Amino acid sequence: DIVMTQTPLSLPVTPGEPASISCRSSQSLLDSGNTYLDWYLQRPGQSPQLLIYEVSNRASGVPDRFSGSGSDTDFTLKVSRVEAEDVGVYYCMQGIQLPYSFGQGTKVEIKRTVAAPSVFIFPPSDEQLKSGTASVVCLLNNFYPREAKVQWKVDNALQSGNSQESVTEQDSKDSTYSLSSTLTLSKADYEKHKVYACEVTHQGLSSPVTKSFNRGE
Amino acid sequence: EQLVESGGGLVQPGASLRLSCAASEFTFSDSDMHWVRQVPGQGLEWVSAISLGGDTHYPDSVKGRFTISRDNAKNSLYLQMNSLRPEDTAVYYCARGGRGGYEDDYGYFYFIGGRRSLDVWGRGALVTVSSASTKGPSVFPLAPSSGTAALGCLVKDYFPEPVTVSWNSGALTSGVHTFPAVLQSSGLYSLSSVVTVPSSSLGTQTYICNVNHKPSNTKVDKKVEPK
């Protein structure tokens with residue numbers, strides 16, 4: 001089967017600045033008179049869509065700041081001016097021989113100015129406590145860059161191993177991330193302790209921010 | 001032009017599952033049709049294709065186990081999957097390939113342009129191959145606290161993926177973040193969906209999270225209120 005390889009696998013770029021992605025086939029994609037090499041864009045939470053076909057033809061709706069070039073076995077996707085809405089994963093695909101095969105994907109990340117998170121803490125709902133479980137949620141909202149640290153403290157005891165984090169894909173308009181950390185406790189343990197706190201460390205914060213609440217207040 | 005996949009859900013290893021794809025706003029019988037799959041977080045792998053004359057093609061990873069078929073009368077493509085393995089767990093997309101037709105004196109033809117491209121893709125159907133059973137979620141409110149306020153819903157303890165969440169039946173989309181699900185140590189998934197809104201709206205604007213977990217037939221609308 002044809003092996004497709006793409007580079008770089010991550011591409012950070014500032015809106016307004018150009019970008020390019022290289023693809024390389026293990027065999028020639030020329031049919032002595034078309035070359036069957038395509039580019040697909042997968043935006044966050046969407047399926048792939050065709051961006052360029054046959055090396056250099058733009059699919060419907062694709063503006064001319066995108067172009068493709070190459071020949072035989074080496075190909076390049078170029079964007080002359082990136083926009084924040086370009087965030088996604090770009091894939092090369094050969095169609096000269098079944099099975100069609102894809103390169104690994106290049107994740108375009110949009111660079112922007114540092115943005116500190118807004119932090120919010122949520123106690124377990126009375127509804128959940130009635131069910132017999134307790135989840136505390138800490139939300140870090142609309143921040144950049146992605147690296148953030150969340151620590152949980154329960155009556156000043158550091159929690160280790162009983163929380164899980166989930167992070168959004170970069171937003172297509174403001175190029176930020178959001179993050180949730182969920183601390184899981186049994187109802188008995190939640191009801192034994194008083195102060196619940198999430199401490200956030202981020203490049204945009206001059207010192208760590210703590211949001212906390214007292215069970216019952 | 002639209003492709004809408006159906007059939008996705010949970011199946012145990014060794015069993016079989018049939019996906020369908022309904023085509024609309026295009027002459028279905030005049031296109032080749034393909035299936036491509038993607039394990040969440042990973043790249044793309046071509047699964048199968050059927051020409052407008054019903055010839056079928058397969059890579060070796062599924063050859064012998066999957067069968068593609070079409071019923072032009074119904075504007076539908078099918079992928080019958082047998083002897084499933086955990087590693088076939090993936091989102092399966094149907095996609096339209098080369099365009100052509102049939103003329104009835106001269107036979108099948110293809111347009112030269114776009115012949116080996118996939119120009120229309122469906123939204124995908126997640127197939128999960130697992131010996132765990134279906135479990136519907138609990139939906140709990142994340143109440144806004146006592147500038148900008150945050151609220152949400154916690155969709156806890158469900159299997160398999162996926163769950164969808166909208167706010168106010170789709171009317172509320174700005175400021176909404178629905179997080180990727182996390183697999184808890186129990187083997188069930190959980191996710192949170194949050195929205196940031198003006199604090200001044202909390203007394204008067206109604207916020208409702210609409211949760212849908214199709215594998216368990218669980219649909220819930222949960223009003224989230226300040227306490």
# chains A, B, ... in the order shown; residues from 1 in each chain; ligands from 1

$ select_by_dssp --residues "range 69-108 of chain A" --states "strand (DSSP E or B)" --output "MDAnalysis selection string"
chainID A and resid 69:71 74:79 88:94 101:102 106:108

$ interface_residues --of "chain A" --to "chain B" --cutoff "9 Å" --atoms "only C-alpha atoms" --output "ChimeraX atom specification"
/A:36-38,46-51,53-54,59,91,93-96,98-105,120-128,135,137,139,141,164-169,178-180

$ closest_residue --among "B:226, B:215, B:137, B:101" --to "residue 8 in chain B" --atoms "only C-alpha atoms"
B:215

$ closest_residue --among "A:57, A:34, A:175, A:184" --to "residue 115 in chain A" --atoms "only C-alpha atoms"
A:175

$ residues_around --residues "residue 15 in chain B" --least-positions-apart "4" --cutoff "8 Å" --atoms "only C-alpha atoms" --output "ChimeraX atom specification"
/B:11,82-84

$ residues_around --residues "range 125-128 of chain B" --least-positions-apart "5" --cutoff "8 Å" --atoms "only C-alpha atoms" --output "list in words"
residues 5, 6, 7, 8, 9, 10, 11, 86, 88, 89, 90, 91, 92, 93, 160, 161 and 162 of chain B

$ atom_distance --atom1 "CA of residue 174 in chain A" --atom2 "CA of residue 11 in chain A"
17.6 Å

$ closest_residue --among "A:201, A:67, A:10, A:186" --to "residue 108 in chain A" --atoms "only C-alpha atoms"
A:10

$ atom_distance --atom1 "CA of residue 87 in chain B" --atom2 "CA of residue 3 in chain A"
20.7 Å

$ residues_around --residues "range 170-173 of chain B" --least-positions-apart "2" --cutoff "10 Å" --atoms "only C-alpha atoms" --output "list in words"
residues 165, 166, 167, 168, 175, 176, 177, 195, 207, 208, 209 and 210 of chain B

$ write_last_selection --atoms "C-alpha atoms" --output "CSV table (one decimal), in the first residue's frame"
chain,number,residue,atom,x,y,z
B,165,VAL,CA,-25.7,18.4,24.7
B,166,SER,CA,-27.4,21.6,23.4
B,167,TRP,CA,-28.6,24.7,25.4
B,168,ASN,CA,-32.2,26.1,25.2
B,175,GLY,CA,-20.2,30.9,25.5
B,176,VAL,CA,-21.0,27.2,25.4
B,177,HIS,CA,-18.3,24.7,26.1
B,195,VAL,CA,-22.0,28.2,29.5
B,207,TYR,CA,-31.2,28.0,31.0
B,208,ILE,CA,-32.0,24.3,30.1
B,209,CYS,CA,-29.5,21.7,29.0
B,210,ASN,CA,-30.8,19.2,26.4

$ atom_distance --atom1 "CA of residue 109 in chain A" --atom2 "CA of residue 13 in chain A"
6.4 Å

$ select_by_dssp --residues "range 101-135 of chain A" --states "helix (DSSP H, G or I)" --output "list in words"
residues 126, 127, 128, 129, 130 and 131 of chain A
